[PDB]
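Asker: as a preliminary step, the opening chains of the complex are given here in situ:
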Amino acid sequence: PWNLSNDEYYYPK
């Protein structure tokens, strides 16, 4: 129901 992709740890910028 939300983002749930830990994007700040895989693509930090």
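Answerer: Now that the structure is in, tell me what you want to look at. Numbering: from 1, shown residues only, chains lettered A, B, ... in the order given.

Asker: please report phi then psi for the most centrally placed residue in chain A.
Answerer: In chain A, the residue lying closest to the centroid (CA atoms, centre = their mean) is residue A:7, at 1.9 Å. Phi and psi for residue A:7, reported as degrees, to the nearest 10, are phi -90, psi -30.

Asker: distance check, it against residue A:13.
Answerer: 10 Å (CB to CB, to the nearest Å). Just so you know, the C-beta spots here come from the backbone N, C-alpha and C atoms, and that holds for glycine as well.

Asker: equivalent analysis for residue A:3, please.
Answerer: To residue A:13, residue A:3 is 17 Å away according to CB to CB.

Asker: more neighbours, these two?
Answerer: The neighbour comparison of residue A:3 against residue A:13 (other CB atoms under 10 Å) goes to residue A:3, with 6 against 3.

Asker: sec struct for that one, please.
Answerer: Classification of residue A:3 using DSSP: H, G, I helix; E, B strand; the rest coil returns coil.

Asker: again with residue A:9
Answerer: helix.

Asker: how many other residues sit next to it?
Answerer: Per other CB under 10 Å, the neighbour tally for residue A:9 reads 7.

Asker: likewise residue A:8?
Answerer: By other CB under 10 Å, 8 other residues sit near residue A:8.

Asker: could you do residue A:1 as well?
Answerer: The burial count for residue A:1: 3, using other CB under 10 Å.

Asker: tell me which residues touch it, please.
Answerer: Residue A:1 is in contact with no residue at all, counting by CB atoms under 8 Å, 6 or more residues apart in numbering.

Asker: one step back: so what's the residue nearest to the centre of chain A up against?
Answerer: For residue A:7, the contact set (CB under 8 Å, 6+ apart) is empty.

Asker: chain B follows; place it on the structure:
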Amino acid sequence: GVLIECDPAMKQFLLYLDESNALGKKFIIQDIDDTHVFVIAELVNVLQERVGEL
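Answerer: Once chain B is put in with the chains from before, the structure reads:
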């Protein structure tokens, strides 16, 4: 390759010749452990001359 059994403190002696000799591409082709190294066949008799200083 050519299996050569040596001393752990003496293994790095042949590694210094690898980065200094410009004859071929690379002297040591494979390093098993601290007491086993490999080599293109040609420098055992030449190494016997360096025993006088070693």
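
Asker: since we added chain B, can you redo the neighbour count of residue A:8?
Answerer: Neighbours of residue A:8 under the rule other CB atoms under 10 Å in any protein chain shown: 8.

Asker: from residue A:1, how far out is it?
Answerer: Counting by CB to CB, the gap from residue A:8 to residue A:1 is 19 Å.

Asker: how about residue B:31?
Answerer: Residue B:31 is 55 Å from residue A:1, by CB to CB.

Asker: for the longest helix that chain B contains, buried residues please.
Answerer: For chain B, the longest helix by residue count, based on DSSP state H, is helix B:11-18. Going by neighbour count (16 or more other CB atoms under 10 Å in any protein chain shown), the buried part of helix B:11-18 is B:11, B:14.

Asker: off-centre distance for it?
Answerer: Here helix B:11-18 is found 6 Å from its chain centre; the criterion is CA atoms, centre = their mean, to the nearest Å.

Asker: who does that helix touch, helix- and strand-wise?
Answerer: Judged by 3 or more CB pairs under 8 Å, 6 or more residues apart in numbering or on different chains; DSSP states H and E, helix B:11-18 is in contact with no other helix or strand.

Asker: show residues contacting that helix.
Answerer: The contact list for helix B:11-18, computed with CB atoms under 8 Å, 6 or more residues apart in numbering or on different chains, reads B:6, B:26, B:27, B:28, B:31, B:34, B:35, B:37, B:39, B:43, B:47, B:54.

Asker: may I have it as CSV, with CA atoms only?
Answerer: Provided in CSV are the C-alpha atoms of helix B:11-18 (Å, rounded to 0.1, in the frame of the first residue of the first chain):
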residue,chain,number,x,y,z
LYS,B,11,58.1,-17.4,-0.9
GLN,B,12,58.2,-13.6,-1.3
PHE,B,13,61.8,-13.7,-2.6
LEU,B,14,60.6,-15.1,-5.9
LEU,B,15,57.7,-12.6,-6.0
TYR,B,16,60.1,-9.6,-6.0
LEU,B,17,61.8,-11.0,-9.1
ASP,B,18,58.3,-11.2,-10.8
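
Asker: neighbouring strands - and their directions - for whichever helix or strand comes after it?
Answerer: Going down the chain from helix B:11-18, the next helix or strand is strand B:31-33, by DSSP states H and E. Strand B:31-33 has the following strand partners under DSSP bridges: strand B:36-37 (antiparallel).

Asker: what's the closest non-adjacent residue to residue B:30?
Answerer: residue B:38 (4.2 Å; CB to CB, 6 or more residues apart in numbering or on different chains).

Asker: the one you found is in contact with residue B:5, isn't it?
Answerer: No. When contacts are counted by CB atoms under 8 Å, residue B:38 is not listed as touching residue B:5 (11.3 Å).

Asker: neighbour count for those two, which is higher?
Answerer: Neighbours were counted for residue B:38 and for residue B:5 using other CB under 10 Å; residue B:38 has more, 14 against 9.

Asker: onto the same structure, chain C please:
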Amino acid sequence: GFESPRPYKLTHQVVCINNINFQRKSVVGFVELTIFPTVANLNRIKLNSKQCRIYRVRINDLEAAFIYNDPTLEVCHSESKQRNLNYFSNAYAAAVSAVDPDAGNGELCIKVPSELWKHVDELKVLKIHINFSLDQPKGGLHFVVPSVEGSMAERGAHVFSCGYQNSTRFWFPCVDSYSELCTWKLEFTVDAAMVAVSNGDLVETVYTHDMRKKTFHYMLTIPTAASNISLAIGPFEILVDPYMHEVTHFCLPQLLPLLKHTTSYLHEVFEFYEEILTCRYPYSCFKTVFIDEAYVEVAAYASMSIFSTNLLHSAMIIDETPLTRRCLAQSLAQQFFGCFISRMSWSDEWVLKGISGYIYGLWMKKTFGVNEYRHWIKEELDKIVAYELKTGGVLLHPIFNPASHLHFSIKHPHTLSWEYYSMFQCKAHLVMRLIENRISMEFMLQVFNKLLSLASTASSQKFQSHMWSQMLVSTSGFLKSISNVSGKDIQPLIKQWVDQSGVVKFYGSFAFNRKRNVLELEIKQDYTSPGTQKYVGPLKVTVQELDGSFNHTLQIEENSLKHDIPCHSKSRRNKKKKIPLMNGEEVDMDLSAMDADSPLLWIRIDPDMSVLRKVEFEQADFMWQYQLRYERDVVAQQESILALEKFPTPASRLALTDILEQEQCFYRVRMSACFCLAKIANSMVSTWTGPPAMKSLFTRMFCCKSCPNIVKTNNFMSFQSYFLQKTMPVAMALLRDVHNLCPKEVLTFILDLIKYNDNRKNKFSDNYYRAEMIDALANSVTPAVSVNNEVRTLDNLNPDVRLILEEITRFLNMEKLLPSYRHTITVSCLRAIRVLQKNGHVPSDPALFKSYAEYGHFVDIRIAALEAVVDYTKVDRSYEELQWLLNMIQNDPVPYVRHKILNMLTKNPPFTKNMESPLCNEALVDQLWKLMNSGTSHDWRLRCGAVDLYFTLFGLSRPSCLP
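Answerer: Putting chain C onto the chains we already have gives this:
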């Protein structure tokens, strides 16, 4: 340039519908077309019509003579003894081409009266007034009339237009092609308590003189095709969007709060699609209708979308919010690029499907993150390589057969198999991602904005198609607009991935040359398989060495096999320094497993998925473990999980367990690591030291600190440990002991997870977690040890299975009194009873599933019960159950259920062509040939499903089991 295949040009069409009778399932109406002949001596005018009884036709108020014949009603003759499928496919393609409006043809042939020939030679207007009647439609308009008494608005009866592609001929006579654009005037005289939703904007709503009926007048000034015109008449609850005010949402009665919560996100979808493209939404209104017994889950017409009510959820329902959200998003993407910009031929359909799927993927990227985007792209690519290696290949943009490796003709959308249609849309959006890879994303959005801007300057003119054909896109026009905005042409990429119909297969293996410090890759292609083709372009490879991550481009010509790339130092093993990753960060790695002589940690062939490929790389197991742990790409973590199943060493168990314990890993990687850890644990029995896999980890993550066997009370507010918590016992139940039986330590753990479940404290529902608990109980069932075919009775039941059977009985009975959100526990318990019947535990009796497959049940229960009956008639070779299923295909009220029964009977067939079965009569061949020929003549999706079933059962040649 667009030249019409029709000799006339249609300008305006009036569709008036009166007398919608819900008791008799009947509509009456007329249709008035305004055509301009482009060629003199027009004589006959050929229109499209199915199922409508044509009463009279008047051309310019003069009585005209029409003749009707539909060759697609009975495709082959009844007295032809042919029984092969290639004959039927050619005859069906010829029959569909004989009613095709994309040629000059059509089903209703009207003859122009003689006195109008001097009006038609000097090209002046003709106004054709047909009046028709649908007596009891089997297609097109679907009447959902419940059997509660009361008025038709009090019982909840409604009509909606169903079908796919050109299926508007099924409820009024038209020119049912996507290329005949005209303006529209739509009047519907419905009951006073009902509302009629359609395309355009509602100009007025007048009462009738008795005030018992009212007429809804719609006008559509944007020129759309007849195939984009829809209708939904019912007692709908109206809800104006509180954010965007031209958007109205219609639901069935008593479902207004679900509609309020569900359609509350749609303004963000509107804002996204209007800011990546720079055109505003082209239509003046937007209407979302939620209905019962829908054809597809989401249909998109001009200025209107028809969804099923099964998408409506409340605020406490998770695991359904993203699915409904993305259904709304792809309906809006098709509003932009399937309904406003239309198709010029049946070729150039890949353009529209690709643009719709590509901008919907951009929406998914922004909304759910780049990681969910990569996971979705990888699952679509795996889907297409599985389908293309299975059967032939999908050919985007064929040229008119061009694809003769497959049992249907690809000249028309209504002869395609449904799986081919799904894979067509899938491959179209992946090829559009490839075009974005060659020509950057901002230029791609500029292409789309140029197409939309040409269409919207075209959409306001009044000239009858002098300029209205700029709203139709083609392949050549799309490539020309790409070449206009970028200066590069993509003709090699178009020639490889569109015109050629194949995917590539890569087999890679490396060797590190220590002497010259190089990495010798060895990439060979399998190009002799039936689905494959040969790749000769460039290929990216990413090598992670100790000095960092380096990309290399390899030129893979036909005669190429060995590619020598250079390698860097290994001075980050001399000192302990951090090894820099693919992104800017750097980590501490345990380099004890790495080789001493090689610096390279892992290799990835084609990391960005820049080709349509299937890679089979041969790394070492420590390289797969390093790629699982320290990679910053989710597709590489997934492929390392997939490749670690072949290496059951304890270092791989440590790698997957460290992935499972790790938050700040993407959650769908941990959900895969559960099943990978279960498979590895099953393979290293008689070596496993401590407890079963993931149990201690479950008690560490999700149970109480003071009580290990009591689970914590449910708080599902994190949405990543919720998914991991509900997927971990399902994988944990696949554990097996040395005796091949599930251990009683994991089964007891699952039963204690079921008993101590308390959900009185979270703001979310528990139906999916409990349904997954039933799925975990079903996974633990091993086949029973029947002796001398002993009858399975209650006393000789397994002591393990009696607990499982008690739990699923309790769950199903409690669902009968307190139901779940979509009867998820009914579906899970029916699936588990079929699991217990598939092994020798419960008697193999289909009567329970036959009672759950009746008409009055929810559609998820119906398809789960019918899946159980299809599995039963495959295993027990039942003749009467197959006749039951074929009868249910012939006469069921819901056509989605008929399509699903044909689909499940194709996926899990009762016999294949290789099998000798008792169910290989001439009677079954005659029944299935009659089902292809007649019987399925009203749906275009049941007929392709019957063709698929006949192909799966009897093959392309003559049925063998026949005189």
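
Asker: ok chain C is loaded, check the neighbour count of residue A:8 again?
Answerer: Residue A:8 has 10 nearby residues by other CB under 10 Å.

Asker: residue C:251 contacts residue C:311, doesn't it?
Answerer: No. The pair residue C:251 / residue C:311 is not scored as a contact, 10.6 Å apart, by CB under 8 Å.

Asker: what is in contact with the two at once?
Answerer: Taking CB under 8 Å, 6+ apart as the contact rule, residue C:251 and residue C:311 both touch residue C:290.

Asker: pick out whichever of these two has more residues nearby.
Answerer: Per other CB under 10 Å, whichever of residue C:251 and residue C:311 has more neighbours is residue C:251, with 25 against 19.

Asker: that one and chain A: what is the separation?
Answerer: For residue C:251, the distance to chain A equals 20 Å [CB to the nearest CB, to the nearest Å].

Asker: so who does that residue touch?
Answerer: Contacts of residue C:251 by CB under 8 Å, 6+ apart are C:236, C:237, C:239, C:258, C:259, C:290, C:309, C:312.

Asker: for PyMOL, write a command that selects the buried ones of those residues.
Answerer: What follows is the PyMOL syntax selecting those of the contacts of residue C:251 that are buried according to 16+ other CB under 10 Å:
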select buried, chain C and resi 236+237+239+258+259+290+309+312
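
Asker: just the contacts of residue C:251: which are in strands?
Answerer: C:237, C:239, C:290 (DSSP state E).

Asker: can you lay out these as a markdown table showing distance to chain B?
Answerer: Listed next are the ones in strands among the contacts of residue C:251 as a markdown table, based on distance: CB to the nearest CB, whole Å:
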| residue | distance to chain B |
| --- | --- |
| C:237 | 78 |
| C:239 | 74 |
| C:290 | 69 |
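
Asker: neighbours of the closest residue to chain A within chain B, just the number please.
Answerer: Residue nearest to chain A within chain B: residue B:31 (36.3 Å; CB to the nearest CB). Counted with other CB under 10 Å, residues neighbouring residue B:31 total 15.

Asker: re earlier: would you turn the contacts of residue C:251 into JSON lines with distance to chain A?
Answerer: What follows is those, written out as JSON lines (distance: CB to the nearest CB, whole Å):
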{"residue": "C:236", "distance to chain A": "26"}
{"residue": "C:237", "distance to chain A": "24"}
{"residue": "C:239", "distance to chain A": "21"}
{"residue": "C:258", "distance to chain A": "15"}
{"residue": "C:259", "distance to chain A": "17"}
{"residue": "C:290", "distance to chain A": "19"}
{"residue": "C:309", "distance to chain A": "20"}
{"residue": "C:312", "distance to chain A": "15"}
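
Asker: which residues touch the strand or helix carrying residue C:13?
Answerer: In this assignment (DSSP H and E), residue C:13 forms part of strand C:8-21. Strand C:8-21 has contacts (CB under 8 Å, 6+ apart) with C:26-38, C:42, C:45, C:125-126, C:159, C:172, C:174-175, C:180, C:182-191, C:226, C:229, C:231, C:233, C:464-465.
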